[PDB]
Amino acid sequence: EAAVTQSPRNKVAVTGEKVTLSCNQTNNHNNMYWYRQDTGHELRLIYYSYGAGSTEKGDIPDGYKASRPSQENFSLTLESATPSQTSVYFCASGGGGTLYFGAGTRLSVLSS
């Protein structure tokens, strides 16, 4: 479960910046997920992967792009960071059924 690790843990981005969130898992799991949580409450699905090469739009994919180059790495790209993309981002992996989350990536956006 503690085998999922995210990078970075804490970011302050600037509006318009290209921001890449990285996820590594050594669970040998085929399925990887990116959720975001705004309110300290609901987790909403952004993007997921069925395995290397697979990329699937979640419920709220707009402004995001994802890459699964290998089984262990699943990255989430913000092409041009906007303030609305301010959130706690959680990566997850699964080999079927249950999902295992990373510790989280706190993302702040500064409009300067």
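Start at 1 with the first residue shown and count on from there.
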Higher average CA B factor in the deposited record is what I'm after, so tell me if that's 10-18 or 87-95. 10-18
Which third, lowest, middle or highest, does the C-alpha temperature factor of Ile60 belong to within its own chain? highest
Just say lowest, middle or highest third for the CA B-factor of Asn31 relative to the other modelled residues in its chain. lowest
Going by what the PDB entry lists, where does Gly51 fall on CA B-factor within its chain: lowest, middle or highest third? lowest
Would you check the entry's CA temperature factor for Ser67 and let me know if it's in the chain's lowest, middle or highest third? highest
When the deposited Cα B-factors of this chain's modelled residues are ordered and cut into thirds, is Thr82 in the lowest, the middle or the highest one? middle
